[PDB]
Every structure is written in structure tokens, then in C-alpha cells.
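Student: Please read through the structure below; I'll follow up with questions.
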Amino acid sequence: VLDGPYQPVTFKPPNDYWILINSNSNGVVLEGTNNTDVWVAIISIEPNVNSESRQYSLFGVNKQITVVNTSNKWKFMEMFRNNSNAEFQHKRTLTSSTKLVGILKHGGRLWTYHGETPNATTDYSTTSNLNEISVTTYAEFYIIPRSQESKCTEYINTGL
Ligand SMILES: CC(=O)N[C@H]1[C@H](O[C@H]2[C@@H](O)[C@@H](CO)O[C@@H](O[C@H]3[C@H](O)[C@@H](O)[C@@H](O)O[C@@H]3CO)[C@@H]2O)O[C@H](CO)[C@@H](O)[C@@H]1O[C@@H]1O[C@H](CO)[C@H](O)[C@H](O)[C@H]1O[C@@H]1O[C@@H](C)[C@@H](O)[C@@H](O)[C@@H]1O
């Protein structure tokens, strides 16, 4: 039985649970910060978009990012910085036919998926303040224990 769907909210995800977000839409999918050394946002770009400048609100502030996606898959850009005075930079990308995006707090690190479905894999950003990372989701989501991560990886890559 799936733990969800839950509607968009700001919360503090517990350690060792995947938050799996089911985006139908373009724009910001999630954003998270501990206000110290992690700011992350995942931004969705629909299929077959030629190069263009778009505006996104990250933590209440408007940013202009130039995007492109000539694929028939959706593209999710992971934007990141580790300091409040820095600018957001593109760190990684997930290219997806399923439109599911994941985040996980585990083992002193923050985990997301990247690469291209059906072979998306996990990678991490480091932090010395993991517990304090909160997230705001902009679409409905499910919660899946890390003990069942192979299921979450299956969903990411082949659909709910
Ligand atoms: C190898 C592994 O288990 N991969 C896991 C990944 O594990 C990390 C994680 O636990 C971090 C925590 O900070 O520690 C890493 O290990 C450290 C170790 O403590 C020290 O030796 C240190 O000095 O260095 C190493 C490495 O830096 C662990 O390796 O955790 C992530 C987040 O949950 C998992 O996504 C990842 O799991 C693998 O993911 C692959 C896709 O990228 C692929 O799907 C693999 O099948 C998958 O592994 C399988 O599932 C895991 C959840 C776990 O059950 C593993 O045993 C299993 O093979």
C-alpha cells in the first residue's frame, strides 16, 4: 500500500525515508534548505523545448535560468548551492519518462536521483546539518522507507 498521496507542504522529512514526488507539471518541483550549507531546488522542463530563458521562484526570490530540452522525456535540473551568498548552480540532471523525483536524508548526506530512466541512479550532496533540512513540495508525493529503496528506484525508473 502506498504511503500517500500527500498534498504539497513544507516539512522536515525524517531520516531514512524517500520522499517521492509525482510531478505532472513544469516549474519548481521541490526546494529544500537547512539555511546553513544546503539549498537545493529541482526544476522540471517539459519535452521538446528549444533554448529559452525562464523565471523560477527559489525560496521566495525570482531567478532567471536558461533551459533546453530537445528530448521526448521530461528533464529535471537539480540546482544547488552551499552558501547563502552564492548563486544557484546546475549540479545534476534526471531525464525521465515517469516524471517521478526523489529526495532522501541518509547517513550524513542528501540523496537524489540523476541520469536517465530506466537507469536512474542515486547520488548525494554533503552537509554537516542533515537533520535540519526541510523541504517544500509543489506536487503530490509518497513516502517510502529506505529499507524499501529498490521499490522507490523501480518507481523512479518505470512508473508508479
Ligand atoms: C553501496 C550502497 O549501499 N549504496 C547505497 C548508498 O549507500 C551509501 C550510504 O549508506 C552512505 C551513507 O553516508 O555510506 C556509503 O558507504 C560509505 C561507508 O560508510 C564508508 O566506507 C565510507 O568511507 O565510504 C563509503 C562510500 O562513500 C554507502 O555506500 O546509499 C544510497 C542512499 O540510500 C543508495 O541509493 C545506494 O544504493 C545503491 O544504489 C544504486 C543506484 O545508485 C543501485 O540501485 C544499488 O542497487 C543500490 O544498492 C542496493 O540498495 C541499497 C539501498 C543497499 O541496500 C545496498 O546494499 C544494495 O546493494
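Order determines the names: the first chain of the C-alpha cells is A, the second B, and so forth; residues in each chain are numbered 1 upward, and ligands are numbered 1 upward as they are shown.
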Can you list every residue of chain A that has an atom at most 12 Å from ligand 1, with its nearest atom pair and the distance in Å to one decimal, using only C-alpha atoms and all ligand atoms, ordered by chain then number, as a tab-separated table?

Tutor:
```
residue	atom	partner	partner_atom_place_in_ligand_line	distance
A:15	CA	ligand 1	33 (O)	10.3
A:16	CA	ligand 1	33 (O)	7.5
A:17	CA	ligand 1	33 (O)	8.9
A:18	CA	ligand 1	33 (O)	8.4
A:19	CA	ligand 1	33 (O)	11.8
A:102	CA	ligand 1	35 (O)	10.7
A:103	CA	ligand 1	32 (C)	9.5
A:104	CA	ligand 1	33 (O)	7.1
A:105	CA	ligand 1	33 (O)	8.1
A:106	CA	ligand 1	12 (C)	6.0
A:107	CA	ligand 1	13 (O)	3.7
A:108	CA	ligand 1	13 (O)	5.4
A:109	CA	ligand 1	13 (O)	5.6
A:110	CA	ligand 1	32 (C)	8.3
A:111	CA	ligand 1	32 (C)	6.0
A:112	CA	ligand 1	32 (C)	8.3
A:113	CA	ligand 1	42 (O)	7.7
A:114	CA	ligand 1	42 (O)	8.7
A:115	CA	ligand 1	42 (O)	9.8
A:116	CA	ligand 1	42 (O)	11.9
A:117	CA	ligand 1	41 (C)	11.9
A:118	CA	ligand 1	44 (O)	11.3
A:119	CA	ligand 1	41 (C)	8.5
A:120	CA	ligand 1	41 (C)	7.2
A:121	CA	ligand 1	42 (O)	3.7
A:122	CA	ligand 1	42 (O)	3.9
A:123	CA	ligand 1	42 (O)	6.4
A:124	CA	ligand 1	32 (C)	7.8
A:125	CA	ligand 1	13 (O)	9.9
A:126	CA	ligand 1	13 (O)	8.8
A:127	CA	ligand 1	13 (O)	10.5
A:128	CA	ligand 1	13 (O)	11.6
A:130	CA	ligand 1	13 (O)	10.9
A:144	CA	ligand 1	33 (O)	11.3
A:145	CA	ligand 1	33 (O)	9.6
A:146	CA	ligand 1	33 (O)	6.1
A:147	CA	ligand 1	52 (C)	6.8
A:148	CA	ligand 1	52 (C)	7.5
A:149	CA	ligand 1	52 (C)	5.3
A:150	CA	ligand 1	50 (O)	6.2
A:151	CA	ligand 1	44 (O)	9.8
A:152	CA	ligand 1	44 (O)	9.5
A:153	CA	ligand 1	44 (O)	6.5
A:154	CA	ligand 1	44 (O)	9.0
A:155	CA	ligand 1	44 (O)	11.8
A:156	CA	ligand 1	44 (O)	10.8
A:157	CA	ligand 1	44 (O)	10.6
```

Student: Can you list every residue of segment 76-160 of chain A that has an atom at most 7 Å from segment 43-47 of chain A, with its nearest atom pair and the distance in Å to one decimal, using only C-alpha atoms, ordered by chain then number, as CSV?

Tutor:
```
residue,atom,partner,partner_atom,distance
A:76,CA,A:44,CA,4.6
A:77,CA,A:43,CA,5.2
A:78,CA,A:43,CA,6.6
```

Student: Write to file, as a tab-separated table (two decimals), in the first residue's frame, the residues of the selection just made, with N, CA, C and O atoms.

Tutor:
```tsv
chain	number	residue	atom	x	y	z
A	76	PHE	N	14.65	17.13	-15.35
A	76	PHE	CA	14.63	17.72	-14.02
A	76	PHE	C	16.02	18.19	-13.67
A	76	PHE	O	16.91	17.38	-13.50
A	77	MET	N	16.22	19.50	-13.63
A	77	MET	CA	17.51	20.08	-13.27
A	77	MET	C	17.61	20.27	-11.76
A	77	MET	O	16.75	20.87	-11.15
A	78	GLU	N	18.70	19.79	-11.17
A	78	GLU	CA	18.93	19.95	-9.76
A	78	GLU	C	19.88	21.12	-9.61
A	78	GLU	O	21.05	21.03	-10.01
```

Student: Between A:2, A:67, A:38, A:61, which residue has the minimum interatomic distance to residue 20 of chain A, considering only C-alpha atoms?

Tutor: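 Under the stated criterion, the closest residue is A:2.
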
Student: Mind the document's chain letters and residue numbers, and return as a list in words the residues of segment 12-152 of chain A that DSSP labels helix (DSSP H, G or I).

Tutor: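 DSSP-assigned helix (DSSP H, G or I) residues in segment 12-152 of chain A: residues 146, 147, 148, 149, 150, 151 and 152 of chain A.
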
Student: Taking only segment 7-155 of chain A into account, list the residues labelled strand (DSSP E) by DSSP (computed from the backbone), as a PyMOL selection string.

Tutor: chain A and resi 10-11+17-22+27-33+39-45+49-58+61-69+74-81+89-96+100-106+109-116+121-126+134-137+141-145

Student: Of the candidates A:129, A:142, A:92, A:134, which one gets nearest to residue 22 of chain A if we count only C-alpha atoms?

Tutor: A:142
